[PDB]
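Sharing an experimental structure here, sequence included.
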Amino acid sequence: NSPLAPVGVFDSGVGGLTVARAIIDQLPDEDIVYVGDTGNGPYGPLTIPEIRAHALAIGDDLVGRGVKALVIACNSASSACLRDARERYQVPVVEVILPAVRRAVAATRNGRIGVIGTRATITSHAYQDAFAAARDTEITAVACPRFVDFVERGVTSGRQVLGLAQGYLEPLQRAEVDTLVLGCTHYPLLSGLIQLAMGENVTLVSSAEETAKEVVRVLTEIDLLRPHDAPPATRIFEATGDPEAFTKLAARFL
Amino acid sequence: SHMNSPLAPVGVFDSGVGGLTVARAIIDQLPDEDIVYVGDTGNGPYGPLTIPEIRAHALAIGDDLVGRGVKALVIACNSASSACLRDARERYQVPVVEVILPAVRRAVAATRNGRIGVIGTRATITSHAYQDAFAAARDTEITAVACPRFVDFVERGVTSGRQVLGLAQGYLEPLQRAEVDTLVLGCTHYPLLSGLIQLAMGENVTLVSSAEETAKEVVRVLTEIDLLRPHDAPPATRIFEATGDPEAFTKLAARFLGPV
Ligand SMILES: N[C@H](CCC(=O)O)C(=O)O
Ligand SMILES: N[C@H](CCC(=O)O)C(=O)O
């Protein structure tokens, strides 16, 4: 398309703002259209065909509006629909699983890699299968279903949530992982808590951070960066559910 | 006072507006902590100053924050930590967290080939604070490079494209030749270049964010001393102050806080 076209970003809800904020941090001149599917999410407890239906509806709307690139900020939606998206859209698609996978394989020292995410992300085996091409690595994947509710309620330090994480992460500790993928939009807000649980030696990998660096790479190489001397960037935020409820909760992630 | 009340605020200070990346990362982790942030826009940038000039500026702000009763002090500025951390250990009795040591410990743990790079202001690099802090790390080789233009590039919003890539390829060339696989972003502004730097350094280089590691340290410190502000306390208060022009601080802060 045109370098002046927006970047589309979408998510199951409000937590994908961690990805959007990281993209905007790296790319202050890009126009952005963010859509959070608060009308139909959370995607965490849904089935894969349910998630794909919801995500592709938003994907089709954003591509229909002329975005030059589509970013799937939700790890659950990335599991359910990257296959479809590759073939369905002609714009480049960035998502949140593969940039982290590549970072984790480069960052590990003993080859033992963990990943945490929603039930739907972990049950899909997107991470387990994506890591199968990595020589000399052992993957341990664990769903952490209550993490999302604790992040949104703002309860991310202290004894209650620390015990919750110790119970979730025990298999990763037992497996002696030295690298841990935060495979969910909400989990960067728990990186201090998770690091305390896992100890100093474990490298945490943020989906938001790696994906934003990948958007920089992708727009640079296909020569579609919106120019610095273009007008001030426009950033549009839309919700499929209650816009006022979205605005209230977004303060937690912005 | 080692131990103030858990209801006391956390003090964060910086040479100006760039330390908001550290304060935002702290607030991300710790939504129920009261924050007082002071950014020394009236005397910055610290990057081109001497160590004694930086120290005197920074301690004047630490003195204010401590006198307000903060329960912990975060030196968010890598130039300032280089110049005054030593003084702050004796001058202040509340816990002091800063941005050099957490990233050093991370870098030591994250490297695979033992080759570690660090970039920062001229003051930070020529102080040898990173070179000396790494001396205890056996089987490591440190390469340190000052990147003086990175700060104004970040602040004026120019962080991708050919111009800033060519500028970054020139700075980072010694690190590529040294074959580092780990790079400490030893400056407050550099997280806003991490995509540009990752692109110049290749995919095998692990970038280490001062903001991120220091925020995780604050979570750990407050937890282990049991000084976390409780979730059922009133909503957290977050004060941001500038020693220089208030309207310029607000305009520049937009770059580091992100969309409203
Ligand atoms: N955005 C989702 C988390 C919230 C949800 O379950 O909808 C994810 O990254 O997996
Ligand atoms: N805060 C400074 C960058 C800006 C300045 O030079 O004052 C640092 O982290 O080194």
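Looks like it came in fine. Numbers count the residues shown, from 1 in each chain, chains lettered A, B, ... in the order given. Ligands and ions are numbered 1, 2, ... in the order given.

In space, what's closest to the residue in the stretch 151-254 of chain A that ligand 2 sits nearest to - neighbours in sequence excluded?
At 19.1 Å from ligand 2, residue A:209 is the closest residue in the stretch 151-254 of chain A, using CB to the nearest ligand atom. Quick note: C-beta positions are derived from backbone N, CA and C, even for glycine. Closest residue to residue A:209 apart from its sequence neighbours, by CB to CB, 6 or more residues apart in numbering or on different chains: residue A:22 at 5.8 Å.

and residue A:5, which of the three is it?
Following DSSP: H, G, I helix; E, B strand; the rest coil, we place residue A:5 in the coil state.

so how far is residue A:109 from the residue lying closest to it once chain neighbours are set aside?
Spatial nearest neighbour of residue A:5, excluding adjacent residues (CB to CB, 6+ apart): residue A:68 at 4.0 Å. According to CB to CB, to the nearest Å, residue A:68 and residue A:109 sit 38 Å apart.

and if you look at residue A:183?
Relative to residue A:109, residue A:183 is positioned 20 Å away (CB to CB).

Residue A:229 too?
For residue A:229 relative to residue A:109 (CB to CB), the value is 44 Å.

Which one's more surrounded, those two?
Set residue A:229 next to residue A:109 and count neighbours by other CB atoms under 10 Å in any protein chain shown: residue A:109 wins out with 13 against 5.

before we move on, the earlier item: would you check that the residue nearest to residue A:209 makes contact with residue A:212?
Yes. Contact criterion CB atoms under 8 Å: residue A:22 and residue A:212 qualify, at 3.7 Å.

ok, which stretches of chain A are strands?
Shown for chain A, the strands assigned by DSSP state E span residues A:7-11, A:32-36, A:69-72, A:93-95, A:112-117, A:138-143, A:179-182, A:203-206, A:235-239.

still on that earlier bit, what residues are up against the residue nearest to residue A:5?
A:1, A:2, A:3, A:5, A:6, A:7, A:91, A:224 (CB atoms under 8 Å, 6 or more residues apart in numbering or on different chains).

Buried subset of those residues as a ChimeraX selection?
Filtering the contacts of residue A:68 down to the buried ones (16 or more other CB atoms under 10 Å in any protein chain shown) takes a single ChimeraX command:
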select /A:3,5,6,7,91,224
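
Out of the contacts of residue A:68, which is nearest to ligand 1?
For the contacts of residue A:68, the nearest to ligand 1 is residue A:7 (18.0 Å; CB to the nearest ligand atom).

Tell me how far that closest one lies from chain B.
Remark: distance between residue A:7 and chain B (CB to the nearest CB, to the nearest Å) = 13 Å.

So out of everything in chain A, what residue is nearest ligand 2?
Closest approach between chain A and ligand 2, counting by CB to the nearest ligand atom: residue A:25, at 16.2 Å.

Pretty sure that residue sits against residue A:213.
No. Counting by CB under 8 Å, residue A:25 does not reach residue A:213; the two are 10.4 Å apart.

and residue A:154, backbone torsions?
phi 70, psi 30 (degrees, to the nearest 10).

list the contacts for it?
Contacts of residue A:154 by CB under 8 Å, 6+ apart are A:252, B:31, B:32, B:231.

residue contacts, the closest residue to ligand 1 within the stretch 101-250 of chain A?
Closest residue of the stretch 101-250 of chain A to ligand 1, CB to the nearest ligand atom: residue A:185 (3.5 Å). Residues near residue A:185 by CB under 8 Å, 6+ apart: A:11-12, A:15-19, A:73-75, A:96, A:207-208.

and what of residue A:249?
Listed by CB under 8 Å, 6+ apart, the contact set of residue A:249 reads A:13, A:14, A:152.

Does the second one touch residue A:38 like I think?
When you say that, I think you mean residue A:14. Yes. Between residue A:14 and residue A:38 there is a contact at 6.7 Å, judged by CB under 8 Å.

what touches both of these two?
Residues touching both residue A:14 and residue A:38 (CB under 8 Å, 6+ apart) are residue A:246.

Looking at these two, which is more packed in?
Between residue A:14 and residue A:38, counting by other CB under 10 Å, residue A:14 is the more crowded of the two (28 against 20).

and the more buried one, what does it touch?
A:36, A:38, A:152, A:246, A:249, A:250, A:252, A:253.

Who wins on neighbours among these?
When neighbours are taken as other CB under 10 Å, the top entry among those is residue A:36 (29 neighbours).

bridging residues for that residue?
Counting by DSSP bridges, residue A:36 is bridged to residue A:11, residue A:239.

which parts of the stretch 151-254 of chain A sit against chain B?
Residues of the stretch 151-254 of chain A that fall close to chain B, judged by CB under 8 Å from any CB of the partner chain: A:154-158, A:162, A:188-189, A:191-193, A:195-196, A:200-201, A:203, A:209, A:212-217, A:219-220, A:225, A:228, A:235, A:237, A:252, A:254.

Tell me which of those fall in helices.
Here DSSP state H is the test, and these give A:162, A:191-193, A:195-196, A:209, A:212-217, A:219-220 as lying in helices.

Make a PyMOL selection of the buried ones in these.
Buried residues within those, by 16+ other CB under 10 Å, are selected in PyMOL with:
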select buried, chain A and resi 162+191+192+193+195+196+209+212+213+214+215+216+217+219+220
